[PDB]
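Novice: Chains as they are written, first to last, in the authors' numbering: chain C, 24 to 51; chain U, 7 to 270, 320 to 814, 836 to 844, 880 to 917; chain V, 27 to 77, 88 to 116, 131 to 497; chain D, 39 to 70; chain e, 1 to 9, 40 to 70. The structure is given below, and queries will be raised subsequently.
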């Protein structure tokens with residue numbers, strides 16, 4: 024579970040890409 | 007009343023209290039928390055009747071809490087008891103959390119190469135190894151390797167490669183997958199060497215499996231040892247492929263050293328197969344016999360002439376189309392049109408002729424005697440300089456007495472006009488030789504103090520010492536750049552500084568900081584180039600981060616443009632994410648940043664198209680600034696090679712666009728500039744060859760990186776387009792049963808005919880003949896096992912392969 | 027025709043709810059689950075209000101390749131309980147749609163709860179919920195997929211937890227379900243977190259009630275983070291018990307503010323016997339403080355029916371007649387005991403004197419000691435002096451009593467002009483409102 | 039390959055955060 | 001999201047607070063208050 028649930032924690036960090044889209048709109 | 011039991015000082019009561027706490031940890035979490043100070047004293051107390059059990063209940067105080075570090079402290083007190091709960095719902099997560107603490111502590115120990123690594127808790131290590139043993143029991147190679155590099159211990163890794171002992175995928179190309187995701191080369195090299203040793207332990211060591219040690223470790227003695235074993239067993243057929251594979255997959259240097267080890320019959324054959332010169336001649340044979348080149352496309356571009364850049368653009372474009380073919384039919388058809396070029400563009404044009412003849416090698420030098428200045432015009436000094444530059448292009452990437460002869464010609468050459476291309480050609484021919492004599496002559500041109508010849512010398516100085524990491528060479532170049540008044544010398548030197556520091560990955564970081572720190576913009580541009588060369592084909596965040604700050608911070612547009620170009624070179628290995636960074640940069644106020652982003656997107660994707668990348672290029676083509684437009688047309692062409700109408704919908708539309716812009720007089724002469732060159736890029740080698748910076752093994756191609764980086768500086772310098780010509784890998788596959796024998800081989804791709812069409837699923841070849884074949888077709892190709900000649904090596908991908916004859 | 031029409035609309039609503047959740051779950055992460063699942067949950071609540089045909093629709097929900105439209109035709113063909135609960139899995143495994151399978155498992159439970167059998171059949175629904183809980187346990191523990199089920203089916207598990215509470219309400223209580231919730235809390239300790247734990251813990255406090263206040267104290271230690279309060283109603287539920295804990299713990303002043311914050315967050319109607327309980331706690335704690343709150347400001351009609359006692363009790367607090375208070379206590383002891391705030395009323399009987407002193411402190415800057423004795427009907431002036439020491443108490447203007455001619459000087463704070471003396475007083479107030487400028491940052495992040 | 043996938047997802051976050059800083063920095067430059 | 005859970009546990043208002051204040055009082059009806067001043 025240590026190396027099969029920690030990857031799941033990186034999935035939590037995927038939401039930062041949504042923030043990157045919002046900032047990208049501001050750049051435009 | 008757990009506290010009340012603790013209040014009475016009886017050893018049996020001490021056992022009763024821990025047992026009662028174990029029974030109802032959830033019911034009274036606060037009661038353990040209130041008595042946690044008392045529990046901690048008992049857990050660390052040897053006198054306590056069950057300190058290990060008290061530690062187990064101490065983890066229960068932290069059952070509601072999320073502190074892994076406290077559980078590790080409890081593991082020290084528990085000793086065996088923490089290990090005893092090998093699998094227990096909540097505790098299993100807490101021991102896994104301790105394993106996470108263990109890996110981070112172990113990674114820190116791996117980080118220290120000076121020793122004095124902090125000791126892992128033995129009890130913590132014991133739970134980790136026991137769970138690791140459970141992974142071996144599970145038999146999953148992935149679960150077994152799950153803590154293999156987390157601990158960063160080779161000894162654990164040897165147990166993980168053993169796993170349940172099936173060792174099938176692990177005893178093959180598992181190393182390649184690990185190398186792709188590997189973060190540290192120093193830990194990776196230990197993993198790579200041990201895994202090749204396990205491959206050697208297998209009764210048959212696969213040459214492809216042991217190839218990774220042969221190229222990534224790059225130990226000349228180790229390749230000599232495997233070659234010696236092949237000579238000892240007289241397995242010439244296996245020996246022939248590995249030597250050719252080494253030449254294509256990796257650069258000389260150590261390859262030259264193994265040739266030296268081999269030199270001091321079979322001995323003659325092994326030297327020849329390692330040299331791979333015959334394979335280059337076979338590639339020339341494939342190009343001359345098979346070229347899909349349309350004269351009409353050249354004529355259509357020829358008819359519309361601005362009479363300025365067009366003559367130069369057309370001559371370079373035809374040179375790309377006929378590179379190595381030696382078919383200069385276009386030059387033969389027009390004499391007055393060729394004569395129109397001025398003395399400078401004509402110097403570039405003779406160098407372009409060298410690109411066309413870049414395949415015959417020594418035979419091409421004899422052919423160049425016909426184009427020699429005494430044979431042609433003594434008056435045109437630039438033509439004479441171009442001829443020397445052409446000679447260098449023909450022998451480029453090859454070390455030979457001809458290169459020394461070019462150096463002798465350079466000694467007798469005029470200091471400036473002949474050395475304008477003569478030094479550039481000699482450096483390209485001697486690239487990677489690191490000969491002291493060539494370095495001294497290049498220094499003489501550098502100390503001539505003429506920047507135009509010096510810029511050529513500066514690029515040459517970088518090529519000869521490329522990857523050298525020579526402090527003396529870098530010091531001389533940086534010192535001359537500081538003292539050189541002329542900017543043109545600085546620009547050539549700036550490319551040279553980056554070339555010398557190649558694939559350092561951290562060795563030149565101090566130099567990169569110093570160049571970025573340097574007030575001069577050109578030195579800062581060199582620093583961005585140094586980031587690209589040191590981290591070529593690397594997704595390392597550190598290289599990207601420095602590039603990220605400089606492009607925003609530097610006001611100078613040229614430096615900002617250089618940074619965007621650098622982003623493409625580093626991300627060639629992972630080009631899927633290459634368009635996403637470029638898209639925001641592609642739309643910007645600076646013409647340079649948009650132009651740089653279009654160039655960057657094209658280089659990282661290279662021959663491959665990301666679809667999103669092709670879509671992003673189309674608006675860049677419509678951009679108002681001509682400078683941005685010219686970059687977009689060329690960038691699309693680089694993506695277009697290795698592509699057909701079926702693979703990409705707009706491939707024809709971009710081709711029609713290039714013809715349209717050339718046809719329209721209203722379109723800016725600067726805007727059209729490289730659209731004719733872009734047609735040449737797509738039609739390079741009759742479309743047979745394509746730009747790839749990455750080997751199938753994953754090794755970076757040294758010619759590919761040099762050509763693309765210099766090609767970005769081609770906008771700064773027109774002749775640098777010839778440097779792009781070197782980086783044109785063929786899509787053809789070489790299949791010879793014997794080195795001197797061409798067998799009739801008819802592998803069938805069994806793929807849709809539209810992919811095959813070049814402007836019924838089967839494929840055929842005659843008296844292998881190596882001919883252009885799509886890499887996707889190579890992936891799906893079927894070998895002719897039924898045919899008497901069937902490849903001994905699996906033909907998974909195009910390239911030289913062992914062939915078996917019945 | 028009239029009985030089939032309710033079935034057709036409910037089946038169409040369930041099909042739309044399933045399609046939306048499944049399509050979002052297939053694409054992206056985070057947006058994949060709970061984007062419309064909360065809307066689907068309110069739609070499910072509407073379906074609960076609007077009613088066996090639903091079990092036939094549940095039967096064979098998924099088989100392999102998508103045939104949901106064909107399955108809807110099959111449900112109509114059946115038209116043209132415990133076996134039904136396990137029938138879809140038994141008839142054919144879904145072969146996909148793992149988040150949907152948990153939602154599909156949840157759909158039969160709501161009619162079983164709607165039946166309100168209060169019998170072993172309801173316990174069988176609890177067993178079906180346990181099977182659904184096992185799928186939820188394995189959603190990230192065994193399946194290595196993204197937490198679509200943790201993001202959405204955990205709310206379904208929360209509904210199942212409430213159904214489990216119903217079964218325990220029919221019987222006694224299940225601390226083991228709370229322990230299972232503690233295991234869910236360990237899952238919350240992992241990548242994704244849910245605040246359902248506090249609500250079940252509130253029920254645990256409720257079960258112990260008067261007999262144990264330790265569970266409430268344990269709750270205070272148990273309090274962690276989860277300030278997201280996405281439900282908001284959940285935050286009110288947490289606040290309602292947290293305020294109750296403080297009120298029983300004698301922290302009445304903090305409790306009244308918490309109850310007021312809890313009272314504000316009541317989007318659901320809570321029309322009868324619901325919001326009135328939250329109102330009841332706020333009014334009693336303010337009366338316990340001694341400040342008198344008139345019922346005219348809110349006066350919900352259902353609050354009013356339960357307020358016939360408290361309203362007379364509020365009049366009794368104003369009056370000096372103990373016998374009127376005694377009549378209210380004996381006549382209206384019932385209902386307040388049902389509320390569970392009856393103990394607070396018992397402490398309030400002594401508190402009546404404090405209300406008068408607070409009125410005196412606001413009304414008179416420097417009242418005479420003898421006058422205080424007349425106002426509060428103290429038997430003796432020395433008893434009044436003793437009451438004055440009690441009057442100083444805490445959170446009131448300094449008495450600064452001379453103990454001689456000055457008597458109850460009770461000097462009020464002076465220079466309270468929002469000037470230098472209150473410079474901290476009227477600048478600190480702005481800092482809190484200016485701090486709420488965080489809303490501009492939070493909403494700006496959402497795009 | 040769960041252990042390998044954990045590294046791959048971790049790489050994706052690291053690249054995204056590295057890129058995320060660039061957008062804000064350029065946006066600040068645009069404001070000036 | 002109905003809470004439920006706790007069922008187990040002007041025209042006729044606005045002046046209610048004012049009325050409550052002197053509901054016990056106002057026995058004098060003001061006229062007696064004037065008579066009390068007259069006795070004073």
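Backbone N, C-alpha and C define an ideal beta-carbon position, used for all residues, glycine too.
1. Can you give me the C-alpha to C-alpha distance between residue 110 of chain U and residue 29 of chain C, rounded to a whole angstrom?
2. Below 7 Å on C-beta distance, what does residue 6 of chain e contact in chain V?
3. Only counting the same chain, and skipping five residues up and downstream in sequence, which positions put a Cβ closer than 6 Å to that of residue 46 of chain C?
4. The ligand ADP and residue 705 of chain U: does any heavy atom of the ligand fall closer than 7 Å to the residue's C-beta?
5. Any C-beta of chain U within less than 8 Å: which residues of the segment 233-266 of chain V qualify?
6. Anything in chain U within Cβ reach of residue 46 of chain D, meaning under 7 Å, just list it in chain order.
7. Grouping DSSP H, G and I as helix and E and B as strand, with all else coil, what is residue 785 of chain U?
8. Is it right to say residue 48 of chain e is buried, meaning 16 or more other beta carbons lie within 10 angstroms of its own, or is it exposed?
9. Of all the options U/775, U/771, U/522, which has the alpha carbon lying nearest to the alpha carbon of residue 756 of chain U?
10. Quick one: list the residues of chain V neighbouring residue 41 of chain e, beta-carbon separation under 7 Å, in chain order.
11. Taking 8 Å as the CB-CB cut-off, is residue 25 of chain C touching chain V?
12. Just curious, the alpha helix (DSSP H) that residue 567 of chain U is in, first and last residue?
13. Given a cut-off of 8 Å, decide if residue 476 of chain U and residue 443 of chain U are closer than it, judged by their beta-carbon atoms.
14. Should residue 271 of chain V be flagged as near chain E, meaning a C-beta pair shorter than 8 Å?
15. So which residues of chain U does residue 50 of chain C contact, with C-beta pairs closer than 7 Å?
16. Any Cβ of chain D within less than 8 Å of the Cβ of residue 596 of chain U?
17. Under 8 Å, Cβ to Cβ, is there at least one residue of chain V near residue 72 of chain U?
18. Ordered along the chain, which non-local residues of its own chain (more than five positions away) have a Cβ less than 8 Å from that of residue 18 of chain U?
19. Given that residue 102 of chain U touches chain C, what residues does it touch there, using C-beta distances under 8 Å?
20. Would you call the segment 329-339 of chain V and the segment 297-310 of chain V in contact, with 3 or more CB pairs under 8 Å?
21. The segment 185-202 of chain V: which residues have C-beta closer than 8 Å to a C-beta of chain C, in chain order?
22. Determine whether the beta carbon atoms of residue 676 of chain U and residue 712 of chain U lie at a separation below 8 Å.
23. How is the alpha helix (DSSP H) around residue 43 of chain e delimited, first residue to last?
24. Short check: CB of residue 520 of chain U to CB of residue 553 of chain U, under 8 Å?
25. Checking the sheet assignment: what are the DSSP bridge partners for residue 744 of chain U?
26. So, residue 892 of chain U versus residue 839 of chain U, is the Cβ gap smaller than 8 Å?
27. Return helix, strand or coil for residue 310 of chain U, following the three-state DSSP convention.
28. Where does residue 452 of chain U land, buried or exposed, given buried means 16+ other C-beta within 10 angstroms?
29. For residue 187 of chain U, which option in U/753, U/334, U/639, U/540 has the closest C-alpha, if you only look at C-alpha atoms?
30. Establish whether the CB of residue 268 of chain V and some CB of chain U are separated by less than 8 Å.
31. When DSSP labels each residue in this structure, what does residue 901 of chain U get in the three-state scheme?
32. Answer with buried or exposed for residue 285 of chain V, where buried requires no fewer than 16 other C-beta atoms within 10 angstroms of its C-beta.
33. Would residue 150 of chain U count as contacting chain V if we go by Cβ distances under 8 Å?
34. Where does residue 64 of chain e fall in DSSP's three states?
35. Taking 7 Å as the limit between beta carbons, can you name the residues of its chain near residue 257 of chain U, skipping five residues before and five after?
36. Starting from the C-beta of residue 26 of chain U, find all residues in its chain whose C-beta is less than 8 Å away, skip the five residues before and the five after it, and write them out in chain order.
Specialist: The short version:
1. Residue 110 of chain U and residue 29 of chain C have their C-alpha atoms spaced approximately 13 Å apart.
2. Within chain V, the residues near residue 6 of chain e are 323, 324, 327.
3. Listed in chain order, the non-local C-beta contacts of residue 46 of chain C below 6 Å within the same chain number zero, local neighbours out to five positions each way being set aside.
4. This structure lacks the ligand ADP, and indeed carries no ligand of any kind.
5. The segment 233-266 of chain V vs chain U, Cβ under 8 Å: 233, 235, 236, 239, 240, 264.
6. Contact of residue 46 of chain D with chain U by beta-carbon distance below 7 Å involves 187.
7. The DSSP-derived three-state label of residue 785 of chain U is strand.
8. So residue 48 of chain e ends up on the exposed side.
9. Distance check between residue 756 of chain U and each of U/775, U/771, U/522 places U/522 closest, using alpha-carbon atoms only.
10. In chain order: nothing, as chain V lies at least about 12 Å away.
11. Output row for residue 25 of chain C: interface = no.
12. Run containing residue 567 of chain U: 564-572, per the alpha helix (DSSP H) assignment.
13. Less than 8 Å separates the beta-carbon of residue 443 of chain U from that of residue 476 of chain U.
14. The displayed structure is made up of protein chains C, U, V, D and e, and chain E is not among them.
15. Under the 7 Å cutoff, chain U gives 639.
16. Judged by the 8 Å Cβ criterion, residue 596 of chain U is in contact with chain D.
17. Put simply, the CB of residue 72 of chain U is near chain V, with a gap under 8 Å to one of its CB atoms.
18. These residues qualify, in order along the chain: 55.
19. Neighbourhood of residue 102 of chain U in chain C, by CB distance below 8 Å: 24, 25, 28, in chain order.
20. Short answer: they touch.
21. Hits within the stretch, in order: 190, 191, 194, 196, 197.
22. A contact, by the Cβ cut-off of 8 Å.
23. Where residue 43 of chain e is concerned, there is no enclosing alpha helix (DSSP H), given that its DSSP letter is neither H nor E.
24. No, Cβ-Cβ distance for residue 520 of chain U and residue 553 of chain U is not below 8 Å.
25. BP columns for residue 744 of chain U point to U/785.
26. For the 8 Å CB-CB criterion, residue 892 of chain U and residue 839 of chain U form a contact.
27. Here chain U is numbered 270 followed immediately by 320, so the structure offers no position for residue 310 of chain U.
28. Burial call: buried.
29. Ranking U/753, U/334, U/639, U/540 by Cα distance to residue 187 of chain U puts U/753 first.
30. Chain U places a beta carbon closer than 8 Å to that of residue 268 of chain V, counting this residue as a contact.
31. In this structure, residue 901 of chain U counts as strand in the three-state DSSP scheme.
32. Looking at its Cβ environment, which holds 16 or more other Cβ atoms inside 10 Å, residue 285 of chain V is buried.
33. Interface residue (Cβ-Cβ distance to chain V less than 8 Å): residue 150 of chain U is not classified as such.
34. If DSSP states are grouped into helix, strand and coil, residue 64 of chain e belongs with the helices.
35. Non-local C-beta neighbours of residue 257 of chain U in its own chain, meaning closer than 7 Å and more than five positions away in sequence, comprise 487, 757, ordered along the chain.
36. Excluding residues up to 5 positions away in sequence, 8, 11 lie with their Cβ nearer than 8 Å to the Cβ of residue 26 of chain U in the same chain.
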